[PDB]
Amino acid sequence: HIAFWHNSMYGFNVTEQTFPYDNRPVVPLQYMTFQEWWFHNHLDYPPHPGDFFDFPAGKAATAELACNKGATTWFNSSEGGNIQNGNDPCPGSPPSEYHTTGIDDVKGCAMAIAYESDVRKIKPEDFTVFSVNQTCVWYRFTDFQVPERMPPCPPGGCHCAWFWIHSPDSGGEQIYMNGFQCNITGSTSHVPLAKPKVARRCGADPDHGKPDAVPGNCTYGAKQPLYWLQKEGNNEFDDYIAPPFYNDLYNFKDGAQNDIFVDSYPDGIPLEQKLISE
């Protein structure tokens, strides 16, 4: 039970009783229909038009992740009041609440982006993971390195989403998504992002057999988020006990994803020929 907290997020003020079911930003998404899991079904609760989360190109962007809005800077809009305590994502509860045994058992999370001012036109295939932090859901203030060559977003801004998948060894398995209005500052480029593609289970994982990574099986360009364990619209089909992660395992390098642009690979990706055969 963790959520990305900011005034530019969708469903910023959604509470337990707002919907017939519990659909608070921190509620996990599992075996849901597209409408339920996509954007956490918070499209009808958009932020104010002027509130945007800024991503400075070539610089870090601090985000707040917590089990309660009271544990973040946005506590004044939360009912419990201020309970924040430094880098603790959930004050008063242990790390099992963030679904991890320790700092070594965290599986990382990501920030995706879709260059579209109208949220209604955004499709799951449109999101591109542009920044990752592999030590995610450990620190409340989690920084995300933004690529230097990020182009400027359209007139009405663009949309982003925070995703997270945790280890199987702690609690029930699910995915996490929190969409929000974002914008890019310090842009020194106009080369757009490449059409993102499904991330393949590339890297090594001794636990599930293969101890050696398979470079030839990687997805190298722009990558889509990991949609998994839902009733509809999945791009990953791994078993409950072998979940995908925002790690080296799916070629999600720690830090900024600098190879997501059209001009990134000059000679292209010949490995995509092997995808055409299937």
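Residue indices: 1-based, along the sequence shown.
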item: Per the entry, higher mean C-alpha B factor between 121-129 and 204-212; value: 204-212
item: Mean temperature factor over C-alpha atoms, higher-scoring stretch between 6-14 and 266-274; value: 266-274
item: Ranked C-alpha temperature factor of residue 223 among modelled chain residues, by third; value: lowest
item: Ranked C-alpha temperature factor of residue 190 among modelled chain residues, by third; value: highest
item: Residue 232 - which third its CA temperature factor falls in, relative to the rest of the chain; value: highest
item: Ranked against its chain, the third holding the CA B-factor of residue 49; value: highest
item: Relative C-alpha B-factor of residue 37, binned into the chain's lowest, middle or highest third; value: lowest
